[PDB]
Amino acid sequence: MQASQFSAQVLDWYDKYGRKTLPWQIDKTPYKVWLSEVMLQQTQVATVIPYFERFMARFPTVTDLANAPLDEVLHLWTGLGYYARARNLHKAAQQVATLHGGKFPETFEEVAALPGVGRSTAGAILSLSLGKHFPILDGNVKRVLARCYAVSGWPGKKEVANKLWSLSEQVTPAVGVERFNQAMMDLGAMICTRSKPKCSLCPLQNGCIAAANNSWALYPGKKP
């Protein structure tokens, strides 16, 4: 599928069916988007929402989080699992307070330099909170792109990852980047699921190679 067609069909779908009322989407800021992205990395949205609201009430700014004792952060994290995420969250808040005067940095390299924040999470923070023109590539996005364009191979292999990052850059637009990047996460989470994807509900079904061949189980590739 032509990349400009891909982007328009996804945005039209988002306009009518997309999620726009999660707490981190109202009055968005870099701090709220970063916090939600770290919580969502390994945890489902319904479990995260009460933790996100408790963290924003106790720590209204990144400086408040930075100045708090680590044990308090770990106590509030209890139940989210994967506590290396919380240790890195506190260190990244301290780096923003120390290097950036308590205001989130706005360049890709300074955001990716935060502990716990990789290439996709950095692009997510800058695109969703500030409109900057970066793509994302989490597991939801990998699945949609690898099925639509029939990208086989394991994404843990550098050459396969490079191909998926280039495809994501190509289909991600500048106008509407915040809507498109959330829409791709919504599609992978609710429609293009790991088992038995709901192709009849998908705005890419008219050009997707996996749908044409009933071959979604091949994409993305698994580890050998």
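Counting begins at 1, following the sequence as shown.
Enquirer: I need to verify one thing: averaged over C-alpha atoms only, is the B-factor higher for 52-60 or for 157-165?
Expert: According to the entry, 157-165 carries the higher average C-alpha B-factor.
Enquirer: Tell me which stretch, 100-108 or 124-132, has the higher mean Cα B-factor listed in the entry.
Expert: Comparing 124-132 with 100-108, the higher mean C-alpha B-factor belongs to 100-108.
Enquirer: Taking the Cα B-factors listed in the entry, which of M185, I26, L35, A174 comes out highest?
Expert: The C-alpha B-factor peaks, among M185, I26, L35, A174, at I26.
Enquirer: Can you tell me whether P30 has a C-alpha B-factor in the lowest, middle or highest third compared with the other modelled residues of the same chain?
Expert: For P30, whose C-alpha B-factor we compare with every modelled residue in the chain, the answer is the lowest third.
Enquirer: By the recorded C-alpha temperature factor, relative to the other modelled residues in its chain, which third is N206 in?
Expert: Its C-alpha B-factor, which the entry lists for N206, ranks in the highest third among residues of this chain.
Enquirer: Going by what the PDB entry lists, where does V141 fall on CA B-factor within its chain: lowest, middle or highest third?
Expert: Ranked within chain, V141 CA B lands in the highest tercile.
Enquirer: Please rank the C-alpha B-factors of the chain's modelled residues and tell me whether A84 sits in the lowest, middle or highest third.
Expert: It falls in the top third of the chain.
Enquirer: Ranked by Cα temperature factor within the chain, is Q9 in the lowest third, the middle third or the highest third?
Expert: For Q9, the deposited C-alpha B-factor lands in the lowest third.
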